[PDB]
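**Student:**
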Amino acid sequence: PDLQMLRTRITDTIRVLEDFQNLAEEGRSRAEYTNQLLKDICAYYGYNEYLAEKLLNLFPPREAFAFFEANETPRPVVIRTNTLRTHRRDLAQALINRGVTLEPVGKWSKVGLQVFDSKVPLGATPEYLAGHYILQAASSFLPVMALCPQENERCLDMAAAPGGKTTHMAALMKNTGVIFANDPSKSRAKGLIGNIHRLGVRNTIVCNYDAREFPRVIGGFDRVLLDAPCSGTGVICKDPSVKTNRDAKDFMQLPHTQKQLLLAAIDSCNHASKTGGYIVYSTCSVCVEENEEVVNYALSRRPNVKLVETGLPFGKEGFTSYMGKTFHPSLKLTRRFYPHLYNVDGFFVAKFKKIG
Amino acid sequence: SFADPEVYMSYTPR
Amino acid sequence: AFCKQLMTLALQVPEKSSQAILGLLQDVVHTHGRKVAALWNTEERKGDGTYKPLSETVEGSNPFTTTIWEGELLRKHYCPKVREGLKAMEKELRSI
Amino acid sequence: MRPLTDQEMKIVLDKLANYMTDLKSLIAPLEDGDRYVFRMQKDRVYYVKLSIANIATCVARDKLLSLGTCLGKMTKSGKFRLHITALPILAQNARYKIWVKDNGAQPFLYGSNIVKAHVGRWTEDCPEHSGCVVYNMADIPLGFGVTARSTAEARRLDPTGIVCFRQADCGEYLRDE
Amino acid sequence: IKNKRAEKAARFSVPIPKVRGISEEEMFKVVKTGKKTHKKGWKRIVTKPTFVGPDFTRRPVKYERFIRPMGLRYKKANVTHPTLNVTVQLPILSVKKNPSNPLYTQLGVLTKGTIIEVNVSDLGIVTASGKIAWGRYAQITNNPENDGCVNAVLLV
Amino acid sequence: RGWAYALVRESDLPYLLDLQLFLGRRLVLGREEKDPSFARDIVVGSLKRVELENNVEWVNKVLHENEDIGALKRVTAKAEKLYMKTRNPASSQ
RNA sequence: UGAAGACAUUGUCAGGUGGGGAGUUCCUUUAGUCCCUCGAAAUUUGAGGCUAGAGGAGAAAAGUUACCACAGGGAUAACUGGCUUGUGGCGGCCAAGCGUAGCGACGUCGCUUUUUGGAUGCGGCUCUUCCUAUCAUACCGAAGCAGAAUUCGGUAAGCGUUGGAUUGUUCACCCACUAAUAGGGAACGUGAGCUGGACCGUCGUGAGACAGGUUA
RNA sequence: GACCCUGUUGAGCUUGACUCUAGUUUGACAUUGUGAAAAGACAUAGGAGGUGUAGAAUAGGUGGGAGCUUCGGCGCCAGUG
């Protein structure tokens, strides 16, 4: 049908939902208006009914509309400057002299530059080829800044297919220590190794084991980072497949895997550490079924760990309760991220300290 | 409107 | 590496020798400048390792991973001539 | 993962000495009583700390993919090769150095031998077939290769004339992407 | 399909960096400027139409000497669905098999009867698991070298 | 104080809007506001139809009367065509 | 007899790896009973288990490629010659025949393809002759063709048939006169005249160099 | 020009047995004591508690429950969940 008419009707239904007591109908109810909004928004933005529900019921109406506008709009581009080779103002000056529009990414990160436009392919600049910056995202900036690693430790990156997180951790540790970067598939591991050698990291070991196995292969790492593979409900613009390729079986199977990987990270961490016993769990989805029901499974099955403050600058605080599921009061510290509020892909970050 | 004015990396140059 | 070791020597050397190396480092910063300014600017500090003081070789000592902190001692060293040499040092560093 | 044998390190150190000046520093012990070693996984060679190698020995042979810095690969004929991954050590301890302008660095990044028209700074007293690391005027290491002529012949050479044969450029990072 | 694309393009368009890398022809010219002595026939341009994908890519030494011109490069194909009898212009995802030459398959040469991977997002094909298809096989059934267009039939 | 009057056509309207973007000022079309500040607001409107017509009739009469003015008008018409053809384009938005 | 100090060191099990040393010749897929175990969620799943097909002499090296560089060998050694020109390809429907399902013209529908008005990377002058695929001049047919100026088409080669701007050059576009300022052929040498390299040798092999020699 | 093949080379892919084990590495247990200063988990007796969205309103949760009664306010019912 006329999607222009449907989006106008979406706006009208949002207004009616917002002022139902004043602006109403003869007998049409809250459920009827919400379900009409469901069909309209599914038909317009092209979502499966199940996922469109989870998202509309997770968000307030105007916030949901802005959220889907954000999911449909692409993000501005952003790079991480490698402190291993150069620093922010020098790289910025080089690119400005070369013809690239750069600005500081913000006051929240001292290692990032936001890129607006250029007349040169940013994937071909000599400093890029030499490893002065990496094409990354702020949502992947966040997890390492949650798990700030200090010099001379043993760290475990559970899934490092792109390589940005491992390179950021190595840059923070100043090419000291040992970083085990496991990545289940070989094809992504090739690009990972290329990225590491381009950025110049000498304290990394690339593996290819099922991450649900690291307490058997080594165990006892000082710091653990787990970017759990999830549905990707926050990377909708990058991967439009998620709009309809996530069904009930997926939202049932994906959590189970996240649950087991988080248990494995808990087991592999070391409680008796002179510098850190910390685990940072991140996922690229915005669905309670996968982001916070899993942290609970950790605090309800392993009493040897405790939630600790992430120290990340901004955001809107985490969900302490949902539909019938009440969580440990401790979840509040977990901070969630969304694209409409901040032009940052919607991800979750939780931070763990082991005691036993 | 529904955004934090403090940290919202925009699209146009500043 | 020689600049930083010379600053340490200046902290722990008699006064006339102290002013001697202060003037010598005045000369080296006059001649070289940009080559060494990273040793005074902290935001130009390299993060590619940790400074190793007791190195067996100059390149083994990674000198760009640390910065000159000796001013807070040389500004309060008892010798007025040493203080004047130091202030000339930071004057040249600032006028670089 | 195995340590190199006598002939294999003979060849590897021959290549590293053909493009580098000091190697006792390369094999020198560190402050924490640790040293860099040489290991071979599959057919590629690797420069890595002994502690890292001993902590990486748990990974099954078929499950290891990278260790430290990849310095190149041994060939079916038993002949070593260097790589853009082996560049940074050469930059750290280079024997000869050549600096190219931007309009030649961009060619060298696409994989072309440098010529006199693009060179802008030289090292005096350089043999004809020597080991030169290719930088720009901002001293970012861009590659490594063998000079075509000596220094004097480079001066008196036609500006449209090869001076350094490419052997490895940074573009391979855009290959393994 | 066309109204869906039109409304998406009309509304959801915001500035974002997109610049194409310089092409293989001037890259080859630069390599020639770097190398004086030209071996006879060191260049051979690929005359059959090709599909590449990424704007800029450094090819391995093995295939670094095949030149694919931009005027011959294609990126979309007219794909026909038989059961839902309709032709749609769809993007080309990848070349899976060219049954004339393995080298042609590797380089992306686009000939007759050629299996390609095509994006089937706009059709809305529902799978057995109820799922939505995003890519399928299509046999190119014409001769793009003679007809300046690519026509394929979906294998469904 | 200075006065700036600019004649704009429908074809030049995109360039007017580009001017708006460059100056960062608000656009007031016709009489949407009772007292638009012409100095800080880009205010666009038409003209007194009555005299506008009594002036256009005068222009038509002088073009019909003086042949040199008619030849000049035809030359500027050709120049307008060429200048429109060679002038730099506007932006899509 | 002194010093260090409840940390090291050391020992026993459970494990990971082991291209080194000694001896001998486990996982993944498929189909099934809804038969058993573990994990998750509650009103269902995922991983194993069983049945029997398919995958993974031995650290010496081995096998392989429509690929690359060098070296060599073999076939091929020019090539168009009732060739060329104005109307796209793909798929569906339809469809006379033929045929007893297969082939299938013209049309129509879908893609390219729509709801508001620079390309190019050997060229350029004077003169002769021929073609018509005709720009003008001559004569016709049609057109809201009132007149004027025209548009399309037909017969027609008797007669005429450019110049500026830009570019390395050309065309396109644009600018000017003019009745108009058409396109081509002179037959693998495109009318007549004129003008603007490969073989060896030495030394390197991740690329090549030689005022080294020889030669059509 | 181009095509086929051969030798060397480069790029790439595959195979390169099994059982113990040196080396290497993880976890647990043990020598092994006397005290003091802190933290956690177990032991009671207590005290304070529950703000995703919507709902008027800060809904631990479950059970019974249509009448309750400091006898005027509530329930129920209508939502909203």
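Chains as they are written, first to last, in PDB author numbering: chain A, 230 to 585; chain B, 708 to 721; chain C, 591 to 686; chain D, 1 to 177; chain E, 106 to 261; chain F, 463 to 555.
Just so it is clear, CB atoms sit at the ideal spot from N, CA and C, and this is done for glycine as well.
Under 8 Å between the Cβ atoms of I230 (chain E) and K201 (chain E)?
**Tutor:** The answer is no: Cβ separation not under 8 Å.
**Student:** Mind listing which residues of the stretch 17–39 of chain D have their C-beta closer than 7 Å to chain C's C-betas, in chain order?
**Tutor:** Listed by position along the chain: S25, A28, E31.
**Student:** Measure the C-alpha to C-alpha separation of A115 (chain E) and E527 (chain F) and round it to an integer number of angstroms.
**Tutor:** About 51 Å.
**Student:** Which residues share a DSSP beta bridge with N499 (chain A)?
**Tutor:** None; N499 (chain A) has no bridge partner.
**Student:** Would you please verify whether the beta carbon of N286 (chain A) is less than 8 Å from any beta carbon of chain B?
**Tutor:** Not an interface residue.
**Student:** Would you kindly work out how many angstroms separate the C-alpha atoms of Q379 (chain A) and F543 (chain A), rounded to a whole number?
**Tutor:** Cα-Cα distance, rounded: 23 Å.
**Student:** What are the boundary residues of the beta strand (DSSP E) that includes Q250 (chain A)?
**Tutor:** That residue, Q250 (chain A), is in no beta strand (DSSP E); it is neither H nor E in DSSP.
**Student:** Can you name the residues of chain D whose CB is closer than 9 Å to the CB of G139 (chain E)?
**Tutor:** Those within 9 Å of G139 (chain E) in chain D are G104, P107, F108, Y110, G111, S112, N113, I114, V115, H118, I162, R166.
**Student:** Give the interface partners of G650 (chain C) over in chain D, defined as CB-CB distance under 7 Å, in chain order.
**Tutor:** Simply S25, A28.
**Student:** Within this structure, are the beta carbons of residue 590 (chain A) and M716 (chain B) separated by less than 8 Å?
**Tutor:** Because chain A in this structure spans residues 230 to 585, residue 590 (chain A) falls outside the shown range and cannot be described.
**Student:** Within 10 angstroms of the Cβ of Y545 (chain F), are there 16 or more other Cβ atoms? Answer buried if so, exposed if not.
**Tutor:** Answer is exposed; the Cβ neighbour count stays below 16.
**Student:** Should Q106 (chain D) be labelled buried (16 or more other beta-carbon atoms within 10 Å of its own) or exposed?
**Tutor:** Classification of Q106 (chain D): buried, given that the 10 Å Cβ count is 16 or more.
**Student:** How long is the line joining the alpha carbons of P333 (chain A) and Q343 (chain A), rounded to whole angstroms?
**Tutor:** Approximately 6 Å, taken between the alpha carbons.
**Student:** So, is the C-beta of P712 (chain B) closer than 8 Å to a C-beta in chain A?
**Tutor:** Chain A, which has no Cβ nearer than 8 Å to the Cβ of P712 (chain B), makes this no.
**Student:** Quick check on the burial criterion: 16 or more other C-beta atoms within 10 angstroms. Buried or exposed for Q233 (chain A)?
**Tutor:** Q233 (chain A) should be labelled exposed.
**Student:** For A299 (chain A), which option in A:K580, A:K583, A:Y571 has the closest C-alpha, if you only look at C-alpha atoms?
**Tutor:** Comparing Cα-Cα distances from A299 (chain A) to each of A:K580, A:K583, A:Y571, the minimum goes to A:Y571.
**Student:** Indicate whether the contact test is met: 3 or more Cβ pairs, each with one atom in the stretch 455–469 of chain A and one in the stretch 500–517 of chain A, closer than 8 Å.
**Tutor:** Segments in contact, yes.
**Student:** What residues of chain E sit near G171 (chain D), judged by a beta carbon separation below 7 Å?
**Tutor:** Simply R163.
**Student:** From this set, D:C126, D:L30, D:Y135, which residue's C-alpha is nearest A152 (chain D)'s C-alpha?
**Tutor:** The candidate whose alpha carbon is nearest that of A152 (chain D) is D:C126.
**Student:** With respect to the alpha helix (DSSP H) encompassing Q609 (chain C), which residues constitute its N-terminal and C-terminal limits?
**Tutor:** 605–621 is the extent of the alpha helix (DSSP H) around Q609 (chain C).
**Student:** Could you check which residue in A:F581, A:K583, A:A440, A:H569 has the C-alpha nearest to that of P712 (chain B)?
**Tutor:** Answer by Cα proximity: A:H569.
**Student:** Enumerate in chain order the residues of its own chain whose CB-to-CB distance from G532 (chain F) is below 6 Å, with the five nearest sequence positions on each side excluded.
**Tutor:** Result list for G532 (chain F): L525, in chain order.
**Student:** Under three-state DSSP, which class holds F443 (chain A)?
**Tutor:** Here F443 (chain A) sits in helix by DSSP.
**Student:** Compile a chain-ordered list of the residues in the stretch 169–189 of chain E whose CB is closer than 9 Å to at least one CB of chain D.
**Tutor:** Cβ contacts with chain D: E169.
**Student:** Relative to the C-alpha of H83 (chain D), which candidate in A:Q487, A:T504, A:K561, A:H426 has its C-alpha closest?
**Tutor:** Comparing Cα positions, the closest option is A:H426.
**Student:** Using a Cβ-Cβ cutoff of 8 Å, what residues of the stretch 373–389 of chain A are near chain C? List them in chain order.
**Tutor:** Residues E380.
**Student:** Where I140 (chain D) and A359 (chain A) are concerned, what is the direct C-alpha to C-alpha distance, given to the nearest angstrom?
**Tutor:** C-alpha separation (whole angstroms): 7 Å.
**Student:** Using a Cβ distance threshold of 8 Å, determine whether the stretch 107–126 of chain D contacts the stretch 91–98 of chain D, with at least three qualifying pairs required.
**Tutor:** The stretch 107–126 of chain D, when compared against the stretch 91–98 of chain D, does touch it at the 8 Å Cβ threshold.
**Student:** Note the first and the last residue of the continuous beta strand (DSSP E) segment covering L491 (chain F).
**Tutor:** Note, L491 (chain F): beta strand (DSSP E), 489–491.
**Student:** Select from the stretch 290–323 of chain A all residues with a C-beta closer than 7 Å to any C-beta belonging to chain B, and list them in chain order.
**Tutor:** Cβ contacts with chain B come from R291, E292, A295, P305.
**Student:** Out of E:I127, E:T152, E:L212, which has the shortest C-alpha to C-alpha gap to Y168 (chain E)?
**Tutor:** Ranking E:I127, E:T152, E:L212 by Cα distance to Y168 (chain E) puts E:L212 first.
**Student:** Tell me whether the beta-carbon of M9 (chain D) lies closer than 8 Å to the beta-carbon of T57 (chain D).
**Tutor:** No, the Cβ-Cβ distance between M9 (chain D) and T57 (chain D) is not below 8 Å.
**Student:** Use the C-beta contact count for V119 (chain D): other C-beta atoms within 10 angstroms, 16 or more gives buried, fewer gives exposed.
**Tutor:** The residue in question, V119 (chain D), is buried, as its Cβ has 16 or more Cβ neighbours within 10 Å.
**Student:** Considering only the beta carbon of each residue, do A182 (chain E) and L195 (chain E) sit closer than 8 Å?
**Tutor:** Cβ atoms of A182 (chain E) and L195 (chain E): closer than 8 Å.
**Student:** Say whether chain A places a C-beta atom closer than 8 Å to the C-beta of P141 (chain D).
**Tutor:** Closer than 8 Å to some Cβ of chain A, the Cβ of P141 (chain D) qualifies, so yes.
**Student:** Determine the closest residue to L320 (chain A) out of C:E633, C:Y668, C:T656, C:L629, with distance taken between C-alpha atoms.
**Tutor:** The residue with the shortest Cα to Cα distance from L320 (chain A) is C:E633.
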